[PDB]
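The next block holds one structure in the form of structure tokens; read it before the comments.
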Amino acid sequence: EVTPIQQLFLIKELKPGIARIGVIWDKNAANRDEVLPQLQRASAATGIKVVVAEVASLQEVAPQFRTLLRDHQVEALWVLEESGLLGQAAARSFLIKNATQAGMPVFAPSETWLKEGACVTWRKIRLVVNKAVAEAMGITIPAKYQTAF
């Protein structure tokens, strides 16, 4: 129930001065009609550039993720849902491990991701945080939100 705009504003609070964020998006997910335009409106509202790399199958996850880094110098990974491809354990573990190795936190759609090393997720608005990863990534939670841990 936390909307993409609400999510991005929270990211903005968590990483002041963030300029560019990368999304890996399942081409085949539902509400693609709803969500991609929400992402553009959230980008506009926050001033954070949202670069979307779409993926249709597992073999596309590694090269599309690396495009976000090669071509767009993104500062974090943001995953919006997990109904299909992004619900596959292989896709999830690849993304978290590679984001982490690259130095960037992952903002995720469910707590399963946090258990595997993602940084933050949401519930309705309350943050849910993997404090060990936040601490290592230099991310301070605002006292005002101080959250499920």
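Residues 27 to 150, 155 to 176, 179 to 181, numbered by the entry's author numbering, are exactly what the sequence shown covers, in order.
Ideal Cβ positions, reconstructed from N, Cα and C, are used throughout, including at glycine.
For residue i: DSSP bridge partner residues
i: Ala79; result: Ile50
i: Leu36; result: According to DSSP, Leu36 bridges with nothing at all.
i: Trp139; result: According to DSSP, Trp139 bridges with nothing at all.
i: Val132; result: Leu103
i: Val146; result: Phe133, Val159
i: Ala68; result: In the DSSP output, where bridge partners are listed per residue, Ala68 has none listed.
Alpha-carbon spacing of residue i relative to residue j, whole angstroms
i: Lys38; j: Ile74; result: 8 Å
i: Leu121; j: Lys150; result: 25 Å
i: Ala164; j: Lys141; result: 13 Å
i: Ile47; j: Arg58; result: 18 Å
i: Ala116; j: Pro42; result: 31 Å
i: residue 151; j: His98; result: What the structure lacks is residue 151: the chain is numbered 150, then 155, with the residues between left out.
i: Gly129; j: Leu36; result: 20 Å
Cβ distance (whole Å) where residue i is taken to contact residue j below 8 Å
i: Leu62; j: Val78; result: 7 Å
i: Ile171; j: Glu101; result: Actually they are not in contact, since the Cβ atoms of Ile171 and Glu101 sit about 18 Å apart, beyond 8 Å.
Residue burial classification, residue i (beta-carbon count within 10 angstroms, cutoff 16)
i: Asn160; result: buried
i: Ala134; result: buried
i: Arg118; result: buried
Cβ neighbours of residue i in the same chain (closer than 6 Å, five flanking residues each side left out)
i: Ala68; result: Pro30, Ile31, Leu34
i: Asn54; result: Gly110
i: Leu40; result: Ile169
Close Cβ partners of residue i (< 7 Å) along its chain, the five nearest in sequence each way excluded
i: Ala71; result: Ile31
i: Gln114; result: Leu84
i: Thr126; result: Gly143
i: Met167; result: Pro131, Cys145
i: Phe181; result: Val159, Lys161
Any non-hydrogen atom of the ligand MG closer than 7 Å to residue i Cβ
i: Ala88; result: By its list of ligands, the structure shown contains no ligand whatsoever, and the ligand MG lies outside what it can speak to.
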